[PDB]
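> just coords:
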Ligand SMILES: c1ccc(Oc2ncccc2-c2nc3ccncc3s2)cc1
Ligand SMILES: c1ccc(Oc2ncccc2-c2nc3ccncc3s2)cc1
Ligand SMILES: c1ccc(Oc2ncccc2-c2nc3ccncc3s2)cc1
Ligand SMILES: c1ccc(Oc2ncccc2-c2nc3ccncc3s2)cc1
Ligand SMILES: c1ccc(Oc2ncccc2-c2nc3ccncc3s2)cc1
Ligand SMILES: [Zn+2]
Ligand SMILES: [Zn+2]
Ligand SMILES: [Zn+2]
Ligand SMILES: [Zn+2]
Ligand SMILES: [Zn+2]
């Protein structure tokens, strides 16, 4: 009998950055049918499927007859975690952000392409709104990325502080996506916290989302163990030394802490290089109600939007040389659909609390 | 010696959407006896058995001699979870509702068919009662389905609020079945909650059934951690971002929250696009007591009844093209047994608190 | 077919002191490509890769085709833990410190070498600052190392006591790195403590980092179970007998306890042979702000810096004979870049709170 | 291909009483190199290595190529636990103490031999100090050993009661080592206690080290669940019946309970056949400060010292016939280095709080 | 190569009623040496070894070379648990007591035989003391055995109530041994209790040893959850129905409950068919102090002593026909060493608080 090439199954896992055994099992199996008569190949909308179907068709036919499908898939997913551990130690943080930028760019190529469905002018309308949320937003995003790549101790955490629906969550969400980090919850007690800080292992950045304080109940704010728990994690936030995470020994990743208006202890405040104070501007919310497509299509919280922001505002030099061809081609695509004159118009419509696109 | 085709066992699992190793083991084994002399084949009431017996008879004879039955079955059930992960990412939410609609329709074909036992006029009597429970109920159900398919953030949760035996539970039950979601319990403390929110992984929708509040004990209402727990799950309900579920990383599924008359916090209230206030109407309960067959046959809480409601009221265009032939044939079946004139009569009998069928 | 030499995979694990299955899996796999056309070989910056690529190229080609990659890697990592248990019993504590010194020295050879990026004069600037933090710092570090090697009961624990940003943490961090120990947390309750003291198994030294007391809340100090927990661990700290650790039976390793200004019980105070009282000197902090490169490059907390301190100040006799050639060559490298005259100048700039390097 | 003799790996485990899989893996592996060119063989200081290297050289060469090293080692360690269970039932308690005495004697042969480093006159200086700690100390140690071998119910527990640094801990430590028992902690709550009493399975004796009471906080004594927990363990201490230990069903082993000056309940006091009241004598501590080598070399708490005490004081008849040749030869070794006249001088120096050796 | 007969290893496990994998591993291994030159065979004191050595010598030689020793032993121990489950359902309770009686009798044959060490007149001295503890003690023991065999609901529990050192514990211990039951602890909270009641699965009888009450602290009695926990276990004690034990579904075994003088609730008191009130008689304790050999040799708490009591007092008819030959021969052995005249003398010495044997 024939024998499955585990190495080739493993190749696909690597090529698609598959961290899911089950997803790899069903994804590989869909490759057993003939590509010449394949509808998902004809549709050309799942690159993880149409770019790989011809390469894995015979191997997937063998795989379909295996008694050992999960075991083959476990080794593959394990090779992915292995490749990840290698890079977390071998790769420079700039090399890691380029790798992330390519991910968003591949996704962008697809959804804004021939077989995609997303509308670029809608995302550009989003870029405008985002650029209206803070003064020098292009520099605000750029300084954050630099902050994360450099990852300098006591100078790698940004605190987002504002009330509900003031942009803080959305910016944190969008920045987390742009970097490709993970979101943490520190409102649980010290006991369960150690396994939750483990979600930080081999991560480029992290966002401690919606950190809650105490005694602020008199202000319609929930009491939580967040600020106290974070106050303890001095070694984590500072990143002067390597911490001992459980779920590895490494410098805890840099990122963002988001919270409502709670009192920050003197000690926890000293842990932030930067504090942005988000406040609700009536014009921003009115415009969004008038531009419903943004919320409906989850555009604002997207890293693609923030990559698009940066592609629009920054020269090719402001990006890594390994991705100059990509940026350059995306700059021409933007030029086609939008001009600096019409981009300022978009922002003007935001100030007027009016629909961003006319 | 002969060797079992795991692929063919796996095929059956897929074909019947089997998520149970034990059920697949006993189901496959029943196929070892000769179909020509099979009583369950002659009875033709278990489609999962009579549609598959001829295809798996020789393989099941081999399977019956295997030392590795659970392992063969585990791979099959695993292929099912795999196929599920693939779709949760690849399939459109409309494609997922059609897949569900076909499930209810296959069940309907059977129980209302030659070998079935359920009485269609009894289910139609149920459709009437359901249509009497709310103004524009056809549009109420239709708007919910659209809500779920579109799955728009801050605009994907419906709150059902009413006292005991006022229709809220039954509608939620029936809608949950129609969509094929799961039911959750948030009255437990924050600690056990995380594994319970895991019941949400790869689900089309969810119903947080019987959410309890506090201090309402003075009103014969039980105290519970429900409303507070839900108040914390802002990121879950809104679905603006991907949450981290444990039992996957995904947008938490949309659905319904059901509760008795408890005070809803300003923050938890802002999470609902729609709030339906169920109140006990004497005529509805009297009619049901007069129509005992509905409760006895679990007709009201059935998605089949709500599919039947929609087949009765909506034109073929209001359904997906992939299921037009099915709807069309079911429309002719309804025409045979019921007329618009007699359907209004059914509703008239409900208003009179009288037996729905005469 | 060909068969992987597990012994050779195991060899690499030993040679690189790999305690990580995943890291060994991805590290071995990177050896499958041809060394002659290998970019990581041409770059010559990952010694764990370029020193081993030619030796493991054919074996890694076989490994790449294995179905048993994790199992092969588990045996290797297990041989490492085995080799560690052997030494913890067979090796003299001086032999263990030399082994550690070689580790820092190999790292130093690389980062200060042809393919390295670190700047030696920056680390030397760090040596200066460190030597300004305490009187007779060379003798302070030297006495600690002797303390650890000798590991004499009731005379093997040093207590670092000072406020935030006074050098205590940094010295403890740097000394921990120089020895190659682990850091512990005793602020958790007695229950979870036993598994945390397990982090001490087969360790040369340990640092109980940031031990918290009680009632000192009136002084902006957090309440913690640290001092009480440590007060109980008399048998641990003294090291007169073998304790029973869980995660082995051994003398608990010696080291440091660091704490803010909290009251030390009479009994816990008797457990320390030495107590250094760190106090914030304005000139030290001003100079560091003026020398940002130190903090940015994590130089102060490095054992490499403290090895460099000792290489600068101590004659070849003050080190073990097994590493005389290394010390001697590093002494010539330092002579080239720095003189005693310019080293005193560096210290003079520290006293002036001025940039250490001119 | 060649095949490893598991039986021979198992033999080595038995021969060295190896209860550690990892230690056996690294210990066996060190035997793969040629004994003729082996430095650890030439050094002749690790009997577990030099006595076995020639016997396991070829088998270790095979072992080095095995894919199944941990499994081979697990069976070996399991044979050790098996051999232990056999003896705990088959061996007489005198046979078990001889087996222990041989262990200390083999260790003594080595460290006081050609390749050893320990100084016998230093240990003899220790014997003196120990003999000064209690009247008729030779008879005190002898009566304890008899107590343990006979293991008579309600007459097998000795309570050591004294303040910090009064000899109680050291005697308990030394006696525990002489017998080869284990140390227990009963200051934890009843819940975790059952698994901790499991440390007692197949043990010759146990020491409940540093048992704490309550309300004695007014006397600078820590509150603990020790005395109460022990008060419950009537069936354990008495040893009239077989208890049900969890980690076996057996009589709980006899031994010592050590505590500071806390009130002993009437019921817990009735459980002790003997109570020795240790009190700090200024001369004993002064002499020890003057003889630093004792503390530094962990001589006092050693069973070797107490075996040496007994070899010095007791005639060959006072020991088991199976070890008469060993005792006799050790008696000649002592005669060479020490006389009764100079031993009394050592004790005289203790009374004077002066260095024991002149 | 040769292959081990697992069936024969399994045979030995059955033959010796081995419930311990490790004990079976070391016990089987001791059979590898030649019986003709075997010292344990020549000694003839371990029947589990000398009766089986010749039968398992060749198989044990094969076993010694196995890689699969624990697995072979696990199947054997499993066959024992299997044989036990079979009997718990198939065997009559009289058949189970005979099986137990044979166990004590085999042990008696050995220790009172040619190679034994126990002195029969010492055990007979014990029989006397035991017969002095209660009026009609032969009938008291006999009625208990009948009680246990019949196992009639609400009429199968005996409550032993008395203070410390009044005979209650010793009688319960001795009766538990005679029946071959297990001892339980109900002083723990309801949570851990369910796994502890699991110790009752496939048991002939159980003793809830030292059950503690509350509020009796004013009487130097410890507070405990015993009496309350037992009060809940109505279905357990009564044995009218089958309970659901966890560690099986069966009637919970009958036995004894022992407690100090605590108040028994009306409901818990109704659960006892019999209550014996043990009180300290000065003559009984004085005699025991005068007969130290009894306590030292654990004679009183032995089932062998109570079997010996019954062999002395009861005619052959009072025992099961399957063991008449054994009883008859033991009756002749007793006749040889003791007469009714000298047995009454023994009892007379007990009343006088004098040494039982003259
Ligand atoms: C409904 C509910 C909420 C809405 O607002 C938003 N929803 C989703 C994401 C962001 C926003 C807003 N961001 C800002 C930032 C600054 N000033 C005001 C706002 S509002 C809009 C409609
Ligand atoms: C016994 C117990 C309960 C009953 O009522 C029901 N039982 C089962 C399901 C639903 C209902 C009702 N729904 C409504 C909705 C609106 N007004 C009144 C009702 S009563 C009927 C009989
Ligand atoms: C910002 C934040 C903190 C800073 O100080 C430091 N940071 C990192 C590591 C060490 C220090 C200091 N060590 C000492 C020792 C003695 N006197 C004063 C100091 S300050 C400097 C800038
Ligand atoms: C430092 C710290 C403690 C010291 O004492 C000791 N250390 C280690 C072990 C034992 C002792 C002592 N044993 C006794 C017994 C009776 N009277 C006095 C003592 S002191 C000595 C120096
Ligand atoms: C020491 C400690 C205790 C002792 O008594 C005992 N020891 C062990 C087992 C039983 C007893 C006793 N049983 C009874 C029964 C009735 N009256 C008095 C007693 S005394 C004897 C010595
Ligand atoms: Zn395709
Ligand atoms: Zn059939
Ligand atoms: Zn290379
Ligand atoms: Zn050697
Ligand atoms: Zn024998």
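Looks like it arrived, so ask away. Residues are numbered from 1 along each chain as shown, chains lettered A, B, ... in the order given. Ligands and ions are numbered 1, 2, ... in the order given.
> Tell me the buried residues in stretch A:148-167?
Judged by neighbour count using 16 or more other C-beta atoms under 10 Å in any protein chain shown, the buried positions of stretch A:148-167 are A:148-149, A:151-162, A:166-167. Quick note: C-beta positions are derived from backbone N, CA and C, even for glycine.
> Give me the phi and psi angles of residue A:233.
Backbone geometry at residue A:233, expressed as degrees, to the nearest 10, gives phi -90, psi 70.
> give the contact list for it.
Taking C-beta atoms under 8 Å, 6 or more residues apart in numbering or on different chains as the definition of contact, the neighbours of residue A:233 are A:186, A:197, A:252.
> Within reach of ligand 5, which of these are there?
Near ligand 5, judged by C-beta under 6 Å from any ligand atom, there are no entries from these.
> what's the farthest-apart pair in the buried residues of stretch A:148-167?
By the measure C-beta to C-beta, A:153 and A:166 form the most distant pair in the buried residues of stretch A:148-167, at 29.5 Å.
> ok, the closest residue to residue A:117 other than its chain neighbours - contacts?
Here the nearest residue to residue A:117 in space, its sequence neighbours aside, is residue A:111; by C-beta to C-beta, 6 or more residues apart in numbering or on different chains that works out to 6.6 Å. Residue A:111 makes contact with A:117-118, A:304, according to C-beta under 8 Å, 6+ apart.
> so after the longest helix along chain A, what's the next helix or strand?
Ranked by number of residues, the top helix in chain A under DSSP state H is helix A:69-90. Where DSSP states H and E defines the elements, the next helix or strand beyond helix A:69-90 is helix A:93-111.
> orientation of that next one relative to helix A:69-90 in degrees?
130 degrees (axes from the mean of the first three to the mean of the last three C-alpha atoms, to 10 degrees).
> Name the SS class of the residue nearest in space to the middle of chain A, please.
Centre of chain A computed as the mean C-alpha position; nearest residue by C-alpha atoms, centre = their mean is residue A:177, 1.5 Å away. Under DSSP: H, G, I helix; E, B strand; the rest coil, the three-state class of residue A:177 is helix.
> ok, it - contacts?
Taking C-beta under 8 Å, 6+ apart as the criterion, residue A:177 is in contact with A:104, A:301-304, A:306.
> and with 10 Å instead?
Contact criterion C-beta atoms under 10 Å, 6 or more residues apart in numbering or on different chains gives A:100, A:104, A:207, A:298, A:301-307, B:241-242 as the residues in contact with residue A:177.
> same question, residue A:129
With contact taken as C-beta under 10 Å, 6+ apart, residue A:129 is in contact with A:167, A:170, A:284, A:287-288, A:291, A:294, A:299-300, A:305, A:346-347, A:349-350, A:356.
> same for the longest helix of chain A, what does it pack against?
helix A:6-16, helix A:21-29, helix A:53-63, helix A:93-111, helix B:69-90, helix C:21-29, helix C:47-50, helix C:69-90 (3 or more C-beta pairs under 10 Å, 6 or more residues apart in numbering or on different chains; DSSP states H and E).
> go with 8 Å
Contact partners of helix A:69-90 among helices and strands, from 3 or more C-beta pairs under 8 Å, 6 or more residues apart in numbering or on different chains; DSSP states H and E: helix A:6-16, helix A:21-29, helix A:93-111, helix B:69-90, helix C:21-29, helix C:69-90.
> tell me which residues in it are buried?
Here helix A:69-90 shows A:69-70, A:72-73, A:75-86, A:88, A:90 as buried, counting by 16+ other C-beta under 10 Å.
> So what pairs up with the residue of chain A found nearest ligand 9 in the strands?
Distances between chain A and ligand 9 by C-beta to the ion are smallest at residue A:249, namely 34.9 Å. The residues listed as beta-bridge partners of residue A:249 by DSSP bridges are residue A:244.
> Please report how far it lies from residue A:158.
Look at residue A:249 and residue A:158: by C-beta to C-beta, to the nearest Å, they are 25 Å apart.
> With residue A:34 instead?
Plainly put, residue A:34 is 52 Å away from residue A:158 if you go by C-beta to C-beta.
> domain assignment for chain A?
A:1-91, A:92-132+A:281-357, A:133-280 (curated CATH domains).
> Now look at the first one and say if it contacts ligand 6.
To tie it back to what came earlier, the one meant is domain A:1-91. Yes - interface with ligand 6: domain A:1-91 contributes A:35, A:38, A:40-41, A:53 (C-beta under 5 Å from the ion).
> For these, which entry has the maximal number of neighbours?
Compared across the residues of domain A:1-91 next to ligand 6, residue A:53 has the highest neighbour count, 21 neighbours, by other C-beta atoms under 10 Å in any protein chain shown.
> Now for residue A:220: which residues touch it?
Taking C-beta under 8 Å, 6+ apart as the contact definition, residue A:220 lies against B:266-267.
> how does it look with 10 Å?
For residue A:220, the contacting residues are A:163-164, A:260, B:265-267, by C-beta under 10 Å, 6+ apart.
> OK, contacts around residue A:77?
With contacts defined as C-beta under 10 Å, 6+ apart, residue A:77 is in contact with A:10, A:13, A:18-25, A:70.
> distance of the closest residue to ligand 8 within chain A from residue C:11?
Nearest to ligand 8 in chain A, going by C-beta to the ion, is residue A:90, at a distance of 12.0 Å. Counting by C-beta to C-beta, the gap from residue A:90 to residue C:11 is 21 Å.
> where exactly do the strands run in the stretch 201-350 of chain A?
A:206-211, A:243-244, A:249-250, A:255-259, A:274-277 (DSSP state E, counting those that start in this stretch).
> elements contacting the last one?
Using 3+ C-beta pairs under 10 Å, 6+ apart as the contact definition, the elements that strand A:274-277 packs against are helix A:137-150, strand A:157-161, helix A:168-179, strand A:255-259.
> Export these as a markdown table, with columns for distance to residue C:223.
A markdown table is the format used below for the helices and strands packed on strand A:274-277 (distance: least, C-beta to C-beta, whole Å):
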| stretch | distance to residue C:223 |
| --- | --- |
| helix A:137-150 | 33 |
| strand A:157-161 | 24 |
| helix A:168-179 | 31 |
| strand A:255-259 | 23 |
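> Identify whichever of these lies nearest to residue C:316.
When the helices and strands packed on strand A:274-277 are ranked by proximity to residue C:316, the top entry is helix A:137-150, at 38.8 Å, counting by C-beta to C-beta.
> does any part of that closest one sit near ligand 1?
No - Helix A:137-150 lies apart from ligand 1 when judged by C-beta under 6 Å from any ligand atom; the minimum separation is 12.1 Å.
> Filter the contacts of residue A:177 down to the buried ones, PyMOL style.
Those of the contacts of residue A:177 that count as buried under 16+ other C-beta under 10 Å are selected in PyMOL with:
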select buried, (chain A and resi 100+104+207+298+301+302+303+304+305+306+307) or (chain B and resi 241+242)
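> Tabulate the contacts of residue A:177 (a markdown table), appending distance to residue B:124.
Formatted as a markdown table, the contacts of residue A:177 follow (distance: C-beta to C-beta, whole Å):
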| residue | distance to residue B:124 |
| --- | --- |
| A:100 | 57 |
| A:104 | 53 |
| A:207 | 53 |
| A:298 | 41 |
| A:301 | 46 |
| A:302 | 47 |
| A:303 | 52 |
| A:304 | 49 |
| A:305 | 50 |
| A:306 | 54 |
| A:307 | 55 |
| B:241 | 43 |
| B:242 | 42 |
